[PDB]
Each structure stands twice: as structure tokens, then as C-alpha cells.
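FYI, in UniProt numbering the residues of the sequence shown are 2 to 36, 41 to 298. Don't be surprised by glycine CBs; every beta carbon is placed ideally from N, CA and C.
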Amino acid sequence: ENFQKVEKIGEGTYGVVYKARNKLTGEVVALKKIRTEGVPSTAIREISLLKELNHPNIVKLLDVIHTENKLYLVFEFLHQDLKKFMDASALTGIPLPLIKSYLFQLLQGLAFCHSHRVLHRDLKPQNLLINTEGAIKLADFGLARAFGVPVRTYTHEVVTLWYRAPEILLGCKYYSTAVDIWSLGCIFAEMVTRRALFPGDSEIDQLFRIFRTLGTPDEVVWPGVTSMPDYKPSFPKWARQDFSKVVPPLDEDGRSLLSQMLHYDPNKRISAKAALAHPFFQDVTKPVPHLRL
Ligand SMILES: Oc1ccc(/N=C/c2c(O)ccc3ccccc23)cc1
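If you want it as C-alpha cells, here you go:
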């Protein structure tokens, strides 16, 4: 009521987003409404902690408003998300130096969050936001841990499994920072090829798409995998794909970085910090995108 809804930005992870102007300050912000027993107070404290997260590559959380017994998050507003940008770039593709710059910044954001013991758990093109100056920022960090993990969005919309790490699909109870690196790996592949890497339409389809590409994991590549809660010995055994087939025509530095982000074993999977030192980034620059707003 102290905001004017300018528009509905979209339908998000834990709820719906709006572009709002604050009549008081005239400042334009993104306003996220979260789903009702009167709310948990655990989530409120944890999310409140996120306000202290400040990094150039993290969308700033401005306020957490608990009032009239509902929860609103107030975020700095950015004009476009990576999903829309990829669709807009689908004819020509995103130039390699911009993909590289975007990946580099995203890993910086992740390195920062992970070093503060904050996980995203939900990464996807919709929650990566871009501006006219060439920056890219991660949004909705730590929301997943605060709350629980739904099989739906808010009300009747289909949750994206495409970016989900295999340890999550296999029913692992404890997430690590590795799940964010996996998601980012999928997004990197998607910027390069202009199609989603693993567009699963169900949980098992998601798993089997990963298996058909990277090979069905076994105890050799992933010690402990056959003991995972949802692991079935009856899984079909697919041979790993020639990797040059996965993301053509990305060069070998990029392919090498991607393979390290996509390791099955969360323990072998590269860290955001280590990834920043990969030779892929030796020539990194910061180009400006062509943005139609
Ligand atoms: O055409 C578009 C216009 C504005 C957009 N902003 C989305 C956004 C934001 O500007 C700030 C924080 C967020 C947090 C979660 C999800 C989206 C956002 C996206 C596409």
C-alpha cells in the first residue's frame, strides 16, 4: 500500500515478484511476496541475516517485511533476467566474451556466498539478473534453506528441475555448495549452445537425461552413489558421451572448466574459488550487452 505495483515481474521460486515504486523515496524495487499457518519465525531470522550480504554480484536484499502476518522481500531492481536475454539472443547467440564475463561474475558471486556459508540451491536463468553496464547478479540466495523445498511454485506452476544437481535428484539429505556449481555449469552450457543442457520433464527424466549424457554413475566415478536413498540398481547403464558433442563449438578451456563443474561426485566438483583460477578466464573482459528494455 506504500508501493504502486508497476507490473508483475514473474512467478518465482517461493512466490510472485513485482516491480514497485516506493512513494516515500520514489525508489524502484523488486518486491517478492512469499506464501499459511502464520509463518515460521526461524525463516524470518535467517532471511534477515541475508540483508547483510553485500556483493556486486549479488542482488541486494533491502528489507524483510513481516506484517499483516505475511512476508515480503524487498530487492534492488534490475531490468532483465538471463532467461529473457538468452531468448532475445537465440538467433545470434551471446558472444563468447560476454558469456565468459557473465560466468566469471557469477562464480565471484557464488565464491562470496559460499565463503559466508550461504547456499543458493535453486539457481536458474530466471534468478540471474543483468543490467546495461554488463554486470550480472544472483538473486534469491538462501531462500531455500530458510524455508523448505516445495514440489510446486506458489500455486499451480511447474518447478524447473533442469538445473538440479544429481545428488539432490538421488535423494541426498545434505546439500553442499557443490549443488550451485552444478546449476551454474548447466547455465554455462545453455548460454553456449542456446538450448537447455538437461531439460527433464520429471525427476526420473531429469536423472536419465543426465545419465544419457555423462554416463550412468557408478562406484568408480562416484563412491557412495549406489547407497544414495533414491538410487536403484535397476537404473539403465548408459555410456558417457563424447564431451565435444555436449557443448560445441566451445573451445577446450571452456569444455575443461565445464566438465569440472559437472563432475558427479560433489567432492570432485570444482569450487567457485578454484573455478575462478581456471585458464578459461585468462583473457576475461567485461563487455556491455545489447539490451532491449
Ligand atoms: O524483463 C524483466 C524485468 C525485470 C526483471 N527483474 C527481476 C528481479 C529483480 O529485478 C530483482 C530481484 C529479483 C529476485 C528474484 C527474481 C527476480 C528478481 C526481470 C525481467
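Asked                                                                                                                                                                    : Found
State yes or no: is the C-beta of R126 within less than 8 Å of the C-beta of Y180?                                                                                       : yes
Figure out for me which residue from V197, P222, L174 and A280 has the closest Cα to the Cα of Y269.                                                                     : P222
Let me check one thing: in DSSP terms, what residues is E8 bridge-paired to?                                                                                             : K20
If you pair each beta-carbon of the segment 152-169 with each one of the segment 108-115, do three or more pairs fall below 8 Å?                                         : no
What did DSSP end up calling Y77 once you bin it into helix, strand or coil?                                                                                             : strand
Using the rule of at least 16 other Cβ atoms within 10 Å of the residue's Cβ for burial, across every protein chain shown, is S249 buried or exposed?                    : exposed
So, for residue 301: in the same chain, excluding its five sequence neighbours on each side, which residues have a beta-carbon less than 6 Å away from its beta-carbon?  : Within the shown structure, residues of the chain are numbered from 2 to 298, placing residue 301 beyond reach of any answer.
Determine the closest residue to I104 out of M196, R260 and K89, with distance taken between C-alpha atoms.                                                              : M196
Excluding the 5 residues preceding and the 5 following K129 in the sequence, name in chain order all residues of the same chain whose CB lies nearer than 6 Å to its CB. : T165 and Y168
Following the continuous beta strand (DSSP E) through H71, name the residue where it begins and the one where it ends.                                                   : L66 to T72
Would you say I10 touches ligand 1, meaning its beta carbon is less than 7 Å from a heavy atom?                                                                          : yes
Which of the three DSSP states, helix, strand or coil, is assigned to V30?                                                                                               : strand
With distances taken between CB atoms, is the gap from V30 to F90 smaller than 8 Å?                                                                                      : no
Determine the direct distance from the alpha carbon of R297 to that of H121, and round the result to whole angstroms.                                                    : 35 Å
Note down the Cα distance separating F216 from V230, rounded to an integer number of angstroms.                                                                          : 13 Å
Taking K65 as the reference, which of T72, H71, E73 and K56 has the closest Cα?                                                                                          : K56
Measuring from the CB of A31, is there a heavy atom of ligand 1 at a distance below 7 Å?                                                                                 : yes
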